[PDB]
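Working notes, beginning with the structure itself.
In this analysis, Cβ positions are derived from the backbone assuming ideal geometry, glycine residues included, and neighbour counts consider all displayed protein chains. Only the coordinates and a few stated rules stand behind these numbers; no lab work does.
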Amino acid sequence: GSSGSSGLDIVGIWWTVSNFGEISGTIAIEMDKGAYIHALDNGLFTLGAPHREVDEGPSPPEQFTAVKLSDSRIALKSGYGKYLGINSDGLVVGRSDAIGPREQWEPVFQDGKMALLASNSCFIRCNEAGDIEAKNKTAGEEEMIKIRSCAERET
């Protein structure tokens, strides 16, 4: 050991992005410490169980496909084959094969931090019960997520 890639948090085949321009293609998001955003067939989303190992990749449904559009907006595609669109109530759901307003997203980056902001001018997070909904504009400490990419590197 004593060599590899110091500076960027890389795990297995996923590396943390630096800016929006880097956030492209298949990517994975992490809300909790180890837990990832899971998807449901019924049309809901809950926090999936965390990983026991240190170096491991997320599940097929846990992963999401990012797509650049405009105005620093990217489209997320659930592993099931749908687009992550926020409901009227404010619950992160995925039941549409199109890129609508609710499907549109707007990532942020301040002092290194970052948070997935919905089209309703509000961030998103999950609860202990497993209810993923959009929170107020206020960005809490837990609200901070870790965006990871698994695209072609330059090494």
>> Please go through the range 74-114 and give me each residue that is buried (at least 21 other Cβ atoms within 10 Å of the Cβ), within 12 Å of the chain's Cα centre (by Cα) and of a type outside the set (A, V, I, L, M, F, W, C), ordered by number.
In response: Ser78
> Can you name the residue in the range 1-51 that is among the small types (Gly, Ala, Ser), outside any loop (DSSP other than H, G, I, E, B) and loosely packed, with under 15 Cβ neighbours inside 10 Å and is also farthest from the chain's Cα centre (by Cα) among such residues?
Replying inline: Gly21
>> Please go through (1) in contact (Cβ under 8 Å) with a residue 40 or more places away in the chain; (2) more than 19 Å from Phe20 (Cα to Cα); (3) among the hydrophobic types (A, V, I, L, M, F, W, C) for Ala151 and return the number of the only condition it doesn't satisfy.
In response: (2)
>> Among the numbered criteria (1) hydrophobic (A, V, I, L, M, F, W, C); (2) in contact (Cβ under 8 Å) with a residue 40 or more places away in the chain; (3) more than 15 Å from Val92 (Cα to Cα), which one does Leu44 miss?
In response: (3)
> Any residue in the range 61-81 that is of a type outside the set (A, V, I, L, M, F, W, C), assigned to a strand (DSSP E or B), without any contact (Cβ under 8 Å) to a residue 24 or more places away in the chain and touching a strand residue (DSSP E or B) at 6+ places or on another chain (Cβ under 6 Å)?
Replying inline: yes
> Looking only at the range 32-53, which residues are among the aliphatic types (A, V, I, L, M) and either touching a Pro at 6+ places or on another chain (Cβ under 7 Å) or more than 26 Å from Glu152 (Cβ to Cβ) (or both)?
Replying inline: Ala35, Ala39, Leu40, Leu44, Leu47, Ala49
> Which residues, counting only those in the range 115-140, are of a type outside the set (A, V, I, L, M), over 15 Å from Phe45 (Cα atoms) and either more than 16 Å from the chain's Cα centre (by Cα) or part of a strand (DSSP E or B) (or both)?
Replying inline: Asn120, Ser121, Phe123, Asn136, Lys137, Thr138, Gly140
> So, in the range 116-144, of the ones that are surrounded by 20 or more Cβ atoms within 10 Å (Cβ to Cβ) and among the aliphatic types (A, V, I, L, M), which residue ends up farthest from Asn87 (Cα to Cα)?
Replying inline: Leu116
